[PDB]
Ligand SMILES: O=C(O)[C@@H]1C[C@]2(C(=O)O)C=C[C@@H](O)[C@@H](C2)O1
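Only one chain is given next, in structure tokens, and it is the form deposited without the named molecule.
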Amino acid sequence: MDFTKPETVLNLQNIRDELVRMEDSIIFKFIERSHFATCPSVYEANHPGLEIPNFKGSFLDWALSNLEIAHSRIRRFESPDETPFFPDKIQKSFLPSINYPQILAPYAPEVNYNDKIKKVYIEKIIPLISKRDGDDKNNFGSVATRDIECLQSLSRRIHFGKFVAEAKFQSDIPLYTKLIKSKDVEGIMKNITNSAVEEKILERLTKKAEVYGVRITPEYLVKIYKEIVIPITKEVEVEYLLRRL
């Protein structure tokens, strides 16, 4: 797959493979973060305790923004692959700009979920995967980096659902146009996902978790994933598809 070649992106088996790569990650990112306590202070807004000059926003926010700025000068946020959490602060690169051919529909950028992702990460995911609850002041830096990477993995995967949904639409125009025209959510819902194949994916994902690393059993993790992360993946697909005509 290459984002400079539409045909290679819209290819179903290719995306199929890409996801396997971007879904295994989120799982590896979670297993990493699961070695630290909850560290509420790392998220409490306005960074209570850290003397950050006029910064307003959690410690996590400062760190993530700070690291997104550093990562941008090397073209990280120019690929249709990446969507930053702080667009208003990412710098430009001293490397040549790459011509990425249009693949998705124009409105595509309007379909952004970043703020939702971080909200479920911090409120719903963290409490479940932490080693324990409480601030671990000697690891605020380690923990913060972990979140930034778990946020980065959740985003890229979730937002890749526009390509996943665009490839699908185009794989069967006649079918989707009808579903879309009748604003039939559930119709769309059942055609972009096969229970038979989704489960085998999760069965594979569980096996990876165990062999990788790991209080949190492999199967329990895959369910945290299946029940809090998956639903958001599909919200991007149906939103995109509905306004596709």
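Rigid core here is just the name for the largest C-alpha set that superposes within 1.5 Å across the two forms. The first residue of the shown sequence is 1; numbering continues from there.
Absent from the display: the form deposited with the named molecule bound. The rest refers to it.
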Tell me which stretch of 121 to 129, 171 to 179, 104 to 112, 157 to 165 has a heavy atom within 4.5 angstroms of the named molecule in the deposited bound form. 157 to 165
Position in contact with the named molecule when the complex is considered in the deposited bound form, options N194, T217, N46, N66, heavy atoms within 4.5 Å: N194
Output flag, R16, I201 and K234 jointly within 4.5 Å of the named molecule in the deposited bound form, heavy atom basis: yes
Would you indicate which listed residue, out of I90, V164, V120, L151, moves its Cα by 2 Å or more between the shown form and the other one relative to the superposed core? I90
